[PDB]
Amino acid sequence: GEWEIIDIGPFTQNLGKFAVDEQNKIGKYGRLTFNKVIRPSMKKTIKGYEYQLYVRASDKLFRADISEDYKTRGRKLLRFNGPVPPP
């Protein structure tokens, strides 16, 4: 596919909420509270999309990679790591 910078509107914020909810199921960083997705957010095409976000949760910053299937709209958290340096 092709990588691009995308906005941080509702769609993108919800991807960040998803990432935190999925992290919380795994419990890797304990139970986090989604704050916000900050810039920059990146998207690639895959049949679907891959998203790489900076996610603020419980006042710390994480990087999350999320995939989304085009036809079903089903999502997967691929990676959730941090804390990371600010962009």
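Just so you know, the sequence shown maps onto residues 1051 to 1137 in my numbering. Just so it is clear, CB atoms sit at the ideal spot from N, CA and C, and this is done for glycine as well.
Closest Cα partner of residue i within the set the options
i: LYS1121; options: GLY1098, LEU1103, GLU1052; result: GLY1098
i: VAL1105; options: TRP1053, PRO1060, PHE1061, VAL1070; result: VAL1070
i: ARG1123; options: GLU1100, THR1083, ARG1129, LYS1078; result: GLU1100
i: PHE1061; options: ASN1131, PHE1130, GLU1118; result: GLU1118
i: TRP1053; options: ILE1076, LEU1127, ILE1096, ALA1114; result: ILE1096
Paired residues, beta bridge with residue i - DSSP
i: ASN1131; result: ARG1113
i: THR1095; result: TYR1099
i: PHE1084; result: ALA1107
i: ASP1119; result: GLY1098
i: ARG1089; result: DSSP, once it has assigned bridges, lists no residue as partnering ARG1089.
i: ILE1055; result: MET1092
Proximity below 9 angstroms, CB of residue i to CB of residue j
i: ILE1055; j: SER1108; result: no
Integer Cβ distance of residue i from residue j, believed to fall under 8 angstroms
i: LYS1094; j: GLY1066; result: Wrong, their Cβ atoms sit about 17 angstroms apart, outside the cutoff.
i: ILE1116; j: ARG1089; result: Rounded, the Cβ-Cβ distance is 16 angstroms, inconsistent with contact.
i: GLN1063; j: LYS1086; result: 7 angstroms
i: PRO1133; j: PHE1112; result: 7 angstroms
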